[PDB]
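Colleague:
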RNA sequence: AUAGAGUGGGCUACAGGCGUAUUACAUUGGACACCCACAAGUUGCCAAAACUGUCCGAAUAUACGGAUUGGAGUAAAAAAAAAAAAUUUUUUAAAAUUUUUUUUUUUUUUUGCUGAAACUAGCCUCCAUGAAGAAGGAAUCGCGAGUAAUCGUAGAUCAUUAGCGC
């Protein structure tokens, strides 16, 4: 997971460090 | 922990208060009613209510 | 899913109110409720109480009868209706 | 003044076009432009002992803040041997760090060329000439090859 | 005291080019002093013909119908843009402009138009009294352009207010 | 194939207009009613047509009956997009670069 | 005089060696130069590197069949720094300390005409002399 | 800096150390045993020793397989519900 | 704290992520967008020369 | 009935074997901060690797790695107005405030998400358990400059689901 769950890096891999913009 | 400066969001509507520093101008826009003139009525009332401050 | 409305069991509830003609849960604690209850959908959640109820759940080929006991109270009923891929 | 076409198209697998000239302005301050990537840059050169060297507003040592990249900035300036006496005013856009360095290096080279003709290359005499700095005038306009419309396929 | 901006959208550069030239002919005709005898012309140095680049986006396709995952091909849409700039002081020729663009039909080419202009504002006398300087020109109207039988000669027209 | 059956589903999203469903969704997304959301959501998604929620639409193509590989770019499907593209009977979409 | 920069830069680029910053390998190789200073005066650095690489120059190359081929000396430098570095990874993976220490101790030993680089080096020298 | 406890995970480890006062950059060779008594007391203030938890989850999924439930026969079968090499049994 | 005056001046509130049901009103409606998606002629044009049956006529032979 | 609907499965099952990818097996590294470094990308603003600082190197399976499995869906920060005002905390001599304690206020985030319904079988967040794996034989594939590799990034279809696919 390249540190998927708990990092400041693997969470750009899981698309969460970029906080999802509010859209619909 | 990162967000874009230009949120440019959606799923809502408003009067969009904004200022332009380049030309020293405030900007308010229309969004609520279908016709343009009804919006001109709403923002004209908002301008009058703006001057109550 | 507890937020903003946690429980969905409407058709099951219509059948439960059909059972609830003398007691929903042996108010007349439980005595097995011999009248069979046969649902047609397993997306339903399980609500607290509902004990001693003979539930017949659909598997896509039949109806599966399973008696509910105290442990399966916080579950969704489709967890008890498999496709039988045993081997 | 009589400037001319200086440009080149040196690269392989993708061309380039830096149509911008280098020229001296009537303030005694020459201006020049350079890109070596699609990221691009411009310069403005004052013979001065003022603020010294400047890209992007800030002093250079914090903006660029790998040392090897800093001598990639200074390499035409160090090759010239005319380091100190000019205020270096410059602007950049785009890309990645040492691409910005070698781009701003090329632009600084061009401005130094119109300051001193013989050190570097120009279009003053038919787009030809030779000095120590004439090699790094014409930009290395290779960009990335395009990610291949096709497969890994392996 | 009226300002006009015309934006123009196209697919073939031929049609947007003819559109830009013909509306330029219309503007220069619309404020033309055809005779000397009345002499408040606006060729003030606001006036431009700014060209523009586009929105680079490539949209690719499978060539083959079934298996064929080797078979790719790239496809692509172009939008070519110009903006046309002028401004003027009397309204009757502005109406000649709007009726001029009402008549001459243009092929495949969108007309989006910006009409910031001065228009006077009534106030309730309380806020005029409690006034007793910056720009504050803030109306910015908005209109739809589709789903009701229009192939987009839409006119948007923000407004500028004045109440000293 | 069956493009029209989906149009019937779309028409049911609009005959039993989604506003009625979404307004009941408003009161179930409100936490202000302490309860009865379970009663409101108990029915009102069952008396309301189950085939009128906005997930049962699958967005098929319009030229043909394609149900997979559609494009909202120009409301067509890939093989037709290519056929119209080579024909050029489409709004200026040429082979790229 | 510029061949010092040439050999050092080829050392840097061959020290890059996996995809990464040549800043990372550049600070790594400069750390090897300073660690060479520390171990050398512990128990005079560009000096020992230039001596080590000029000790390590394979002048005539051989091609298998066995046929000798004359070699332009820039590829002699280029093979040279290569053989140094695969011997370096041999020693460092055997030590599995950093790589900077390993390249430092190898530049000292190839300066001292000793080590597996020198062994490979002069056997292919003599084998170039063999098959003429 | 007890990134070092074993019967627990890391975040609760630094939590228990913080709950008796151990900061970062301290080693296990630098804690006096009074703080060991304190952290053990805080372990029965916290939950204890993940093999006690492994016994606990043994009766937890014992409860789940006692329910005649197909995740129970997953746990008697070893199938991923999201490496049958490890199981909770 | 000045934006409170701008807020009560303009009547605004935090639009996303609060769970008060207002997002389901202020959302745009997709109802026009869902039914303008298709385009089916009825297979018999009321004007004239319907092609959808001319193809049947051609393949009848 | 090889025709249409309706409800629920199944199209994703799981001795084996094979193909394609990703992630690692560390120190050229992990972590954490930094300025939140500069992009493709202002036309009708936004990253990561790294650079700089700091912690870590015991066969520890390491603070590497992150597969499986249980469990739970929780914190606040900002500041305004009035009354009073010169109080809290140690040892056997000291310390923090000149703001302590009451009322009214008040924002901005927070809410598990999206969907009618997330057990199978989505996804998110946070705990806990921490597997193999210490670089891979025979065999073999791909590619010689802004290329491999490594690093993000954004577009599609899409209610949400692409982490690895394209």
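Chains as they are written, first to last, in PDB author numbering: chain u, 66 to 89; chain B, 818 to 870; chain s, 4 to 31, 36 to 94; chain i, 284 to 437; chain j, 112 to 150, 163 to 255, 259 to 290; chain n, 15 to 111; chain g, 122 to 164, 176 to 197, 205 to 235, 241 to 276; chain m, 18 to 99, 110 to 116; chain y, 125 to 185.
Think of the CB as a built atom: it goes at the ideal place given N, C-alpha and C, for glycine as much as any other residue.
#1: Please name the residue, chosen from s:30, s:78, s:76 and s:18, that lies closest to residue 42 of chain s on a Cα-to-Cα basis.
#2: When you compare the CB positions of residue 197 of chain j and residue 180 of chain j, do they come within less than 8 Å of one another, or not?
#3: For residue 87 of chain s, count neighbouring C-beta atoms within 10 Å of its own C-beta (all shown protein chains included) and say buried if the count is 16 or more, exposed if not.
#4: Can you tell me whether DSSP reads residue 165 of chain j as helix, strand or coil?
#5: At a Cβ cut of 9 Å, what residues of the stretch 4 to 29 of chain s count as close to chain m, listed as they run along the chain?
#6: Using the rule of at least 16 other Cβ atoms within 10 Å of the residue's Cβ for burial, across every protein chain shown, is residue 250 of chain g buried or exposed?
#7: Note down, in chain order, every chain s residue with its Cβ under 8 Å from the Cβ of residue 80 of chain m.
#8: With a threshold of 7 Å on Cβ separation, who are the neighbours of residue 312 of chain i within its own chain once the five nearest residues in sequence on each side are excluded?
#9: For residue 30 of chain m, count neighbouring Cβ atoms within 10 angstroms of its own Cβ and tell me buried if that reaches 16, exposed if not.
#10: Using the beta-carbon of each residue, which ones in chain B are nearer than 8 Å to residue 246 of chain j?
#11: Would you mind reading off the limits of the alpha helix (DSSP H) that contains residue 380 of chain i?
#12: Cα-Cα, which of i:436, i:318, i:429 and i:422 is closest to residue 292 of chain i?
#13: I believe residue 216 of chain g touches residue 177 of chain g by the beta-carbon criterion, under 8 Å. Please report the beta-carbon distance rounded to the nearest angstrom.
#14: Check distances from the C-beta atoms of the stretch 36 to 64 of chain n to those of chain s and list, in chain order, the residues that come in under 9 Å.
#15: Going along the chain, which residues of its own chain have a beta-carbon closer than 7 Å to the beta-carbon of residue 360 of chain i, five neighbours each way excluded?
#16: State whether the stretch 335 to 354 of chain i contacts the stretch 402 to 413 of chain i, with contact taken as three or more CB pairs (one from each stretch) at a distance under 8 Å.
#17: Closer than 9 Å by beta-carbon distance: list the chain u residues that pair up with residue 819 of chain B, in chain order.
#18: Starting from the Cα of residue 67 of chain s, find the closest Cα among s:76, s:47, s:73 and s:79 and give me that residue.
#19: So for residue 191 of chain j, helix, strand or coil by DSSP?
#20: Rounded to whole angstroms, what's the CA-CA distance from residue 184 of chain y to residue 174 of chain y? Just pull it up for me.
#21: Over what stretch of residues does the alpha helix (DSSP H) that includes residue 60 of chain s continue unbroken?
#22: List the residues of chain m that residue 89 of chain s touches, going by C-beta distances under 7 Å, in chain order.
#23: Can you tell me where the alpha helix (DSSP H) with residue 75 of chain u in it begins and where it stops?
#24: To the nearest angstrom, report how far apart residue 46 of chain n and residue 151 of chain y are at their CA atoms.
#25: Do residue 397 of chain i and residue 386 of chain i have their CB atoms nearer than 8 Å?
#26: For the stretch 28 to 44 of chain m against the stretch 208 to 222 of chain g, are there 3 or more C-beta pairs whose distance is under 8 Å?
#27: Which residues in chain i have a C-beta closer than 7 Å to the C-beta of residue 180 of chain j? List them in chain order.
#28: Does DSSP put residue 90 of chain n in a helix, in a strand, or in coil?
#29: Identify every residue that forms a DSSP beta bridge with residue 73 of chain s.
#30: With DSSP as the reference, label residue 245 of chain g as helix, strand or coil.
#31: Assign residue 835 of chain B to one of three DSSP states: helix, strand, or coil.
#32: Below 8 Å between beta carbons: does that hold for residue 208 of chain g and residue 193 of chain g?
#33: Is there a Cβ from chain y that is less than 8 Å from the Cβ of residue 30 of chain n?
#34: Quick one: measure Cβ to Cβ for residue 115 of chain j and residue 130 of chain j, integer angstroms, because I've assumed they're closer than 8 Å.
#35: Flag this pair as yes or no: are the beta carbons of residue 114 of chain m and residue 98 of chain m separated by less than 8 Å?
#36: Within 8 Å of any Cβ in chain n, is that where the Cβ of residue 199 of chain j sits?
Modeller: Quick look at the numbers:
#1: The sequence position of residue 42 of chain s within the third chain is 35, counting from 1. For residue 42 of chain s, the nearest C-alpha among the options comes from s:18.
#2: Locating residue 197 of chain j in the fifth chain gives position 74, where the first residue counts as 1. Locating residue 180 of chain j in the fifth chain gives position 57, where the first residue counts as 1. No, Cβ-Cβ distance for residue 197 of chain j and residue 180 of chain j is not below 8 Å.
#3: Taking the third chain and counting its residues from 1, the one referred to as residue 87 of chain s is at position 80. Residue 87 of chain s comes out buried.
#4: In the fifth chain, residue 165 of chain j corresponds to position 42, counting from 1. Residue state, collapsed to three classes: coil.
#5: none
#6: Here residue 250 of chain g refers to the residue found at position 106 of the seventh chain. With 16 or more Cβ atoms within 10 Å of its Cβ, residue 250 of chain g is classed as buried.
#7: Counting from 1 along the eighth chain, the entry for residue 80 of chain m is found at position 63. Within 8 Å of the CB of residue 80 of chain m, the CB atoms of chain s belong to 78, in sequence order along the chain.
#8: Residue 312 of chain i sits at position 29 when you count from the first residue of the fourth chain. 327, 328 and 329, listed in sequence order.
#9: Your numbering for residue 30 of chain m matches position 13 in the eighth chain. Of the residues assessed, residue 30 of chain m falls on the buried side of the cut-off, its CB having 16 or more other CB atoms within 10 angstroms.
#10: Taking the fifth chain and counting its residues from 1, one reaches residue 246 of chain j at position 123. Residues of chain B passing the Cβ test: 865 and 868.
#11: Numbered from 1 along the fourth chain, position 97 holds the residue referred to as residue 380 of chain i. Segment 380 to 398, the alpha helix (DSSP H) holding residue 380 of chain i.
#12: Start at 1 with the first residue of the fourth chain, and residue 292 of chain i comes out as number 9. Nearest option by C-alpha distance: i:422.
#13: Looking up residue 216 of chain g in the seventh chain gives position 77. Looking up residue 177 of chain g in the seventh chain gives position 45. That belief does not hold up - the Cβ atoms of residue 216 of chain g and residue 177 of chain g are roughly 18 Å apart, past 8 Å.
#14: 42, 43, 44, 45, 51, 52, 54, 55, 56, 57, 59 and 60
#15: In the fourth chain, counting from the first residue as 1, residue 360 of chain i sits at position 77. Here the set comprises 366 and 391.
#16: no
#17: As a working mapping, residue 819 of chain B is identified with position 2 in the second chain. Those are 77, 82, 83 and 84, listed as they occur along chain u.
#18: Translated into positions along the third chain, residue 67 of chain s becomes position 60. Out of s:76, s:47, s:73 and s:79, s:47 has the C-alpha closest to the C-alpha of residue 67 of chain s.
#19: Reading the fifth chain from its first residue, position 68 is the one you call residue 191 of chain j. DSSP places residue 191 of chain j in coil when its eight states are reduced to three.
#20: As a first step, residue 184 of chain y must be located in the ninth chain, where it is residue number 60. As a first step, residue 174 of chain y must be located in the ninth chain, where it is residue number 50. C-alpha separation (whole angstroms): 16 Å.
#21: Counted from its first residue, the third chain places residue 60 of chain s at position 53. Unbroken run through residue 60 of chain s: none, as it is neither H nor E.
#22: What you label residue 89 of chain s is simply residue 82 of the third chain in a count that begins at 1. Near residue 89 of chain s (Cβ distances below 7 Å), the residues of chain m are 87.
#23: Here residue 75 of chain u corresponds to residue number 10 of the first chain, with the count starting at 1. From DSSP, the alpha helix (DSSP H) with residue 75 of chain u extends over 75 to 78.
#24: Counting from one through the sixth chain, the residue named residue 46 of chain n turns up at place 32. Counting from one through the ninth chain, the residue named residue 151 of chain y turns up at place 27. Taken atom to atom, the span from the alpha-carbon of residue 46 of chain n to that of residue 151 of chain y is near 20 Å.
#25: Counting from one through the fourth chain, the residue named residue 397 of chain i turns up at place 114. Counting from one through the fourth chain, the residue named residue 386 of chain i turns up at place 103. Not closer than 8 Å, so no.
#26: The stretch 28 to 44 of chain m, when compared against the stretch 208 to 222 of chain g, does not touch it at the 8 Å Cβ threshold.
#27: For the purposes of this step, residue 180 of chain j is taken as residue 57 along the fifth chain, with counting starting at 1. Under the 7 Å cutoff, chain i gives no residues; its nearest Cβ is about 15 Å from residue 180 of chain j.
#28: Your numbering for residue 90 of chain n matches position 76 in the sixth chain. In this structure, DSSP gives residue 90 of chain n an extended state, which the three-state scheme calls strand.
#29: Position 66 of the third chain holds residue 73 of chain s. Residue 73 of chain s is bridged to s:62.
#30: Numbered from 1 along the seventh chain, position 101 holds the residue referred to as residue 245 of chain g. In this structure, residue 245 of chain g counts as helix in the three-state DSSP scheme.
#31: For the purposes of this step, residue 835 of chain B is taken as residue 18 along the second chain, with counting starting at 1. Here residue 835 of chain B sits in strand by DSSP.
#32: Looking up residue 208 of chain g in the seventh chain gives position 69. Looking up residue 193 of chain g in the seventh chain gives position 61. The answer is yes: Cβ separation under 8 Å.
#33: Here residue 30 of chain n refers to the residue found at position 16 of the sixth chain. No, residue 30 of chain n does not count as interfacial toward chain y.
#34: Reading the fifth chain from its first residue, position 4 is the one you call residue 115 of chain j. Reading the fifth chain from its first residue, position 19 is the one you call residue 130 of chain j. Not confirmed; about 15 Å, so no contact.
#35: In the eighth chain, the residue the question calls residue 114 of chain m occupies position 87. In the eighth chain, the residue the question calls residue 98 of chain m occupies position 81. No, the pair does not count as a contact, with Cβ atoms beyond the cut-off.
#36: In the fifth chain, counting from the first residue as 1, residue 199 of chain j sits at position 76. Judged by the 8 Å Cβ criterion, residue 199 of chain j is in contact with chain n.
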